[PDB]
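Presented below is the structure to which this report refers.
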Amino acid sequence: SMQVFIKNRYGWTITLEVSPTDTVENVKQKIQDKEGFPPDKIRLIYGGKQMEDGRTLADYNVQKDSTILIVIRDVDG
């Protein structure tokens, strides 16, 4: 019960109904379900910070109407 926007380099967005308790990986799993984007090729960025797979949206202060950027990357850290 929280709405977030995932934007790409072209400005195209996905809207996800998500729970604050979800991990970043869970969110990548939801993107794989809707887009076919393999989670291990997704990098998510919130307020300039790359989001780590094992932390939750609540941990990152992601709130209703927050925008997360998505880019294609295979090696993180």
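Residues in the structure tokens are numbered from 1 in each chain, the chains being A, B, ... in the order shown, and ligands are numbered from 1 in the order shown.
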
Those of chain A in DSSP alpha helix (DSSP H), formatted as a list in words: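 After running DSSP on the backbone, chain A has alpha helix (DSSP H) at residues 24, 25, 26, 27, 28, 29, 30, 31, 32, 33, 34 and 35 of chain A.
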
Which of A:2, A:44, A:14, A:58 sits closest to residue 28 (chain A) [using only C-alpha atoms]: A:44

Given only C-alpha atoms as the counted atoms, nearest of A:8, A:3, A:15, A:23 to residue 53 (chain A):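 Of all the options, A:23 lies closest to residue 53 (chain A).
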
Selection: 10 Å around residue 48 (chain A), only C-alpha atoms, excl. self and same-chain fewer than 3 positions, as a PDB file with C-alpha atoms, in the first residue's frame:
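part-v4.pdb written:
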```pdb
ATOM      1  CA  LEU A  44      18.216   1.214  -8.792  1.00  0.00           C
ATOM      2  CA  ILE A  45      19.213   4.672  -7.629  1.00  0.00           C
ATOM      3  CA  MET A  51      20.149   0.959  -3.593  1.00  0.00           C
ATOM      4  CA  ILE A  68      13.689   5.764  -8.245  1.00  0.00           C
ATOM      5  CA  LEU A  69      15.932   5.720 -11.298  1.00  0.00           C
TER       6      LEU A  69
END
```

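In this comparison, which uses only C-alpha atoms, the residue of A:65, A:60, A:55, A:47 approaching residue 16 (chain A) most closely is A:65.
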
Atom pair CA of residue 43 (chain A) / CA of residue 10 (chain A): separation (Å): 15.3 Å

Backbone-only DSSP, strand (DSSP E) members of chain A, as a PyMOL selection string: chain A and resi 3-7+13-17+42-46+49-50+67-72

Can I get the selected residues back with N, CA, C and O atoms, as a CSV table (one decimal), in the first residue's frame?
```csv
chain,number,residue,atom,x,y,z
A,3,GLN,N,2.8,3.8,-3.3
A,3,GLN,CA,3.0,3.9,-4.7
A,3,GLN,C,4.3,4.5,-5.0
A,3,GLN,O,4.6,5.6,-4.5
A,4,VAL,N,5.2,3.8,-5.8
A,4,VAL,CA,6.4,4.4,-6.2
A,4,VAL,C,6.6,4.3,-7.8
A,4,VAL,O,5.9,3.5,-8.4
A,5,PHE,N,7.4,5.2,-8.3
A,5,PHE,CA,7.6,5.4,-9.7
A,5,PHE,C,9.1,4.9,-10.0
A,5,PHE,O,10.0,5.4,-9.3
A,6,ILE,N,9.3,4.1,-11.0
A,6,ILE,CA,10.6,3.7,-11.5
A,6,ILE,C,10.8,4.3,-12.8
A,6,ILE,O,10.2,3.9,-13.8
A,7,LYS,N,11.8,5.3,-12.9
A,7,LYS,CA,12.1,6.0,-14.2
A,7,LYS,C,13.3,5.4,-14.8
A,7,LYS,O,14.3,5.1,-14.1
A,13,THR,N,8.4,5.5,-17.3
A,13,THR,CA,8.2,5.1,-15.9
A,13,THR,C,7.3,3.9,-15.8
A,13,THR,O,6.4,3.6,-16.6
A,14,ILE,N,7.6,3.1,-14.7
A,14,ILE,CA,6.7,2.0,-14.2
A,14,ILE,C,6.1,2.5,-12.9
A,14,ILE,O,6.9,3.2,-12.1
A,15,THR,N,4.9,2.2,-12.6
A,15,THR,CA,4.3,2.5,-11.3
A,15,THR,C,4.1,1.1,-10.6
A,15,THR,O,3.5,0.2,-11.1
A,16,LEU,N,4.7,1.0,-9.3
A,16,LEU,CA,4.6,-0.2,-8.5
A,16,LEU,C,3.9,0.1,-7.2
A,16,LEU,O,4.3,1.1,-6.5
A,17,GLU,N,2.9,-0.7,-6.9
A,17,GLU,CA,2.3,-0.7,-5.6
A,17,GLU,C,3.1,-1.7,-4.8
A,17,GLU,O,3.2,-2.9,-5.1
A,42,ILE,N,19.6,-5.0,-13.2
A,42,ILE,CA,19.0,-3.8,-12.7
A,42,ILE,C,19.8,-3.1,-11.7
A,42,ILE,O,20.2,-3.7,-10.7
A,43,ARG,N,20.1,-1.8,-11.9
A,43,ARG,CA,20.6,-1.0,-10.8
A,43,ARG,C,19.5,0.1,-10.5
A,43,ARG,O,19.1,0.8,-11.4
A,44,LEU,N,19.2,0.2,-9.2
A,44,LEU,CA,18.2,1.2,-8.8
A,44,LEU,C,18.9,2.3,-8.0
A,44,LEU,O,19.8,2.0,-7.2
A,45,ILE,N,18.5,3.5,-8.2
A,45,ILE,CA,19.2,4.7,-7.6
A,45,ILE,C,18.2,5.6,-7.0
A,45,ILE,O,17.2,6.0,-7.7
A,46,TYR,N,18.3,5.9,-5.7
A,46,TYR,CA,17.4,6.8,-5.0
A,46,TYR,C,18.2,7.9,-4.4
A,46,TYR,O,19.1,7.6,-3.6
A,49,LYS,N,21.9,7.8,-4.6
A,49,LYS,CA,22.5,6.6,-4.0
A,49,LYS,C,22.0,5.3,-4.7
A,49,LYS,O,20.9,5.1,-4.9
A,50,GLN,N,23.0,4.4,-5.0
A,50,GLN,CA,22.7,3.1,-5.5
A,50,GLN,C,22.1,2.3,-4.4
A,50,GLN,O,22.7,2.2,-3.3
A,67,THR,N,10.4,8.8,-6.6
A,67,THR,CA,10.9,8.3,-7.9
A,67,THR,C,12.3,7.7,-7.7
A,67,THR,O,13.2,8.3,-7.1
A,68,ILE,N,12.4,6.5,-8.2
A,68,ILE,CA,13.7,5.8,-8.2
A,68,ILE,C,14.1,5.7,-9.7
A,68,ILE,O,13.3,5.4,-10.6
A,69,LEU,N,15.4,5.9,-10.0
A,69,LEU,CA,15.9,5.7,-11.3
A,69,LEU,C,16.4,4.3,-11.5
A,69,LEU,O,17.0,3.7,-10.6
A,70,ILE,N,16.2,3.8,-12.7
A,70,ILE,CA,16.6,2.4,-13.1
A,70,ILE,C,17.6,2.6,-14.3
A,70,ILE,O,17.3,3.3,-15.2
A,71,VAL,N,18.7,1.9,-14.2
A,71,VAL,CA,19.7,1.8,-15.3
A,71,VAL,C,20.1,0.4,-15.4
A,71,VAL,O,20.0,-0.4,-14.5
A,72,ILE,N,20.6,0.0,-16.6
A,72,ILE,CA,21.0,-1.4,-16.9
A,72,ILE,C,22.5,-1.5,-16.5
A,72,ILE,O,23.4,-0.9,-17.2
```

Using only C-alpha atoms: which of A:56, A:1, A:64, A:12 has the shortest distance to residue 25 (chain A): A:56

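When CA of residue 37 (chain A) is paired with CA of residue 66 (chain A), their separation reads 20.7 Å.
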
A:39, A:9, A:59, A:77 ranked by distance to residue 21 (chain A), top pick (using only C-alpha atoms): A:59

Counting only C-alpha atoms, the option among A:30, A:35, A:61, A:76 closest to residue 18 (chain A):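 Of all the options, A:30 lies closest to residue 18 (chain A).
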
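The interatomic distance for the pair CA of residue 52 (chain A) and CA of residue 26 (chain A) works out to 11.3 Å.
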